[PDB]
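Heads up, the chain below is alone and in the form deposited without the ligand; it's given as structure tokens.
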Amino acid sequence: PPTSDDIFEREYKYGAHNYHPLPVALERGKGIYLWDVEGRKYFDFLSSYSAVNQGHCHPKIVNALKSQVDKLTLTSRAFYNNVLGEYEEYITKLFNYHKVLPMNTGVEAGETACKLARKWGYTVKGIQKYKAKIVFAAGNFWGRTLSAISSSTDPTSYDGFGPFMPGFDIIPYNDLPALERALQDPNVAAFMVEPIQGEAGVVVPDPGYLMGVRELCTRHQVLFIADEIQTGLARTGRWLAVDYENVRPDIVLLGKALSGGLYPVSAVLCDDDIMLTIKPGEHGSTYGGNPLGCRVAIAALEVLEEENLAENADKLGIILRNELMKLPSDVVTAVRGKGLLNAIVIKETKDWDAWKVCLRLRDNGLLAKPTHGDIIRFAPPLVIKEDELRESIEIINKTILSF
């Protein structure tokens, strides 16, 4: 039986070094808990970047996969499968959009959104071909494709990865005057923005920012693209993080928790006047819309609905942030977030940083990832209960004040 150090050394020898994970080798997961190969038990306070909002191996999602895998898993889109239309009707009625375009990973949904915005910009808005612009916010993250890192302001994402995709403008985040200035270019076809910036360090914009984006985009006839791949599906306390200001984006991107972690499923939602600019043969994906991922996506959505995970994430997130703000200011310098998507800012020194705090948190039974050496994210599964949350808060307080 391989030990933890045996697992690390194997991946180091046979796997690419594109990651430096926290040294812990998990083998089992259920609900909010993870178990390493030595049997130790941990609070999962990362949730695989909100991909297991429903908890690890939720039985209802597991049973949908097990039932469908015996029947049919992949026909490709050259033919019809019987499950896709069921999932399509369900999700478009749920979020109240005309249609959905199914993909697999989150960056594939973002690529589809950029392609929809350009095609709509040329064939509907009438922009001169191949001058269409898409505006992004600084600190944005929507994948690791060449196009995704082309709009990135993070040097680690784009440094050394070749000439970059043109047609992408970058403005500061949480800045309405900068968006107004950017939207003066009549070649702008879309503004793609996260309601909360996850990988940037759980950056929450000021109240009214989302209404301002919706108003500005409407006034200049520009597509409002909301990337809810991380913020959506009850993680911030609502079905969509844009529900906190009640704005209707033109294009909504879903993913991650869309399958509870059991299958790579993403989705792109918009109305007919945007969706139907793409004709047959002009876009798609091999596994996109396969019957297996559709069954787990139907079940993963039903778990969020019938277990009221959005409400639980809302009231539990207020407890988490309030308890975190009691830590001394000379240790944590900021606590922010919405619902169960939160982060703390560490007064980093030369000797003490967020990585060491996470190593000690692991020692005390709580797993979390640092995002920038002074930021630590706390995002547990939404099925957590108040007592389990308070137990984890005890682990956080003890670890933080033990330095």
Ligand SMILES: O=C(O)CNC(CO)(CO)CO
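Residue positions are given as counts along the sequence shown, with the first one as 1.
Note that the form deposited with the ligand bound isn't included here; everything after this is about it.
S.K.: Looking at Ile170, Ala132, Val247, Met275, which has any heavy atom no more than 4.5 Å from the ligand in the bound PDB entry?
M.R.: The residue in contact is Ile170.
S.K.: Heavy atom within 4.5 Å of the ligand in the bound PDB entry: which of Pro166, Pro207, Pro155, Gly160 fits that? Just give me the one.
M.R.: Selected residue: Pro166.
S.K.: Decide whether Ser150 counts as a contact residue for the ligand in the bound PDB entry under a heavy atom distance cut-off of 4.5 Å.
M.R.: Yes.
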